[PDB]
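First up is the structure itself, then whatever we jot down about it.
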Amino acid sequence: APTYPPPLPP
Amino acid sequence: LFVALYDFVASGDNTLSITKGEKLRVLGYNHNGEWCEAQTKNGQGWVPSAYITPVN
């Protein structure tokens, strides 16, 4: 998985 | 069996673009549950866990 966080839900 | 709540455009790095309303199958999650490894008609990859939800 990415080591950066995913975007917040809009 | 899940459905996408919102569009998400892949940011590469084995992420997967998904469109609101698309069905997915979930394989699992990363260490903190924030990313979800999923399968759709467009392939397989990581999507935000918060961008999908069970359906049926």
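Residue names in the structure tokens use chain letters A, B, ... in the order shown, residue numbers from 1 in each chain, and ligand numbers from 1 in the order shown.
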
- Message: Counting only C-alpha atoms, a student should be able to say which residues of chain A come within 7 Å of chain B; what is the right answer, written as a VMD selection string?
- Response: chain A and resid 1 to 2 6 9

Produce a file of the selected residues containing N, CA, C and O atoms, as a PDB file, in the first residue's frame.
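out.pdb written:
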```pdb
ATOM      1  N   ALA A   1       0.840  -1.194   0.000  1.00  0.00           N
ATOM      2  CA  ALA A   1       0.000   0.000   0.000  1.00  0.00           C
ATOM      3  C   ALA A   1       0.881   1.251   0.000  1.00  0.00           C
ATOM      4  O   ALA A   1       2.044   1.185   0.383  1.00  0.00           O
ATOM      5  N   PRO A   2       0.326   2.399  -0.426  1.00  0.00           N
ATOM      6  CA  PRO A   2       1.067   3.664  -0.362  1.00  0.00           C
ATOM      7  C   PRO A   2       1.473   4.017   1.068  1.00  0.00           C
ATOM      8  O   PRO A   2       0.728   3.731   2.008  1.00  0.00           O
ATOM      9  N   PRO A   6      -4.309   8.349   2.124  1.00  0.00           N
ATOM     10  CA  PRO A   6      -5.238   8.583   1.019  1.00  0.00           C
ATOM     11  C   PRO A   6      -5.929   9.933   1.194  1.00  0.00           C
ATOM     12  O   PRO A   6      -5.917  10.486   2.297  1.00  0.00           O
ATOM     13  N   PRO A   9     -12.353  11.608   2.347  1.00  0.00           N
ATOM     14  CA  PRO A   9     -13.596  11.595   1.580  1.00  0.00           C
ATOM     15  C   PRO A   9     -14.118  13.015   1.424  1.00  0.00           C
ATOM     16  O   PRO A   9     -13.944  13.845   2.317  1.00  0.00           O
TER      17      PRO A   9
END
```

- Point-to-point distance from atom CA of residue 27 of chain B to atom CA of residue 54 of chain B, Å rounded to tenths: 13.0 Å

- Have a look at B:53, B:16, B:43, B:28 and name the one nearest to residue 4 of chain B; count only C-alpha atoms.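 That would be B:53, the residue with the smallest distance to residue 4 of chain B.
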
- Item | Spatial neighbours of residue 41 of chain B, 9 Å, only C-alpha atoms, chain gap at least 6 places, as a VMD selection string | chain B and resid 22 to 24

- What gap, in Å, lies between atom CA of residue 4 of chain A and atom CA of residue 40 of chain B? 22.4 Å

- Message: If you run DSSP on the backbone here, which positions in chain B get strand (DSSP E or B)? Please write them as a ChimeraX atom specification.
- Response: /B:2-4,8,15,18,23-29,35-40,43-48,52-54
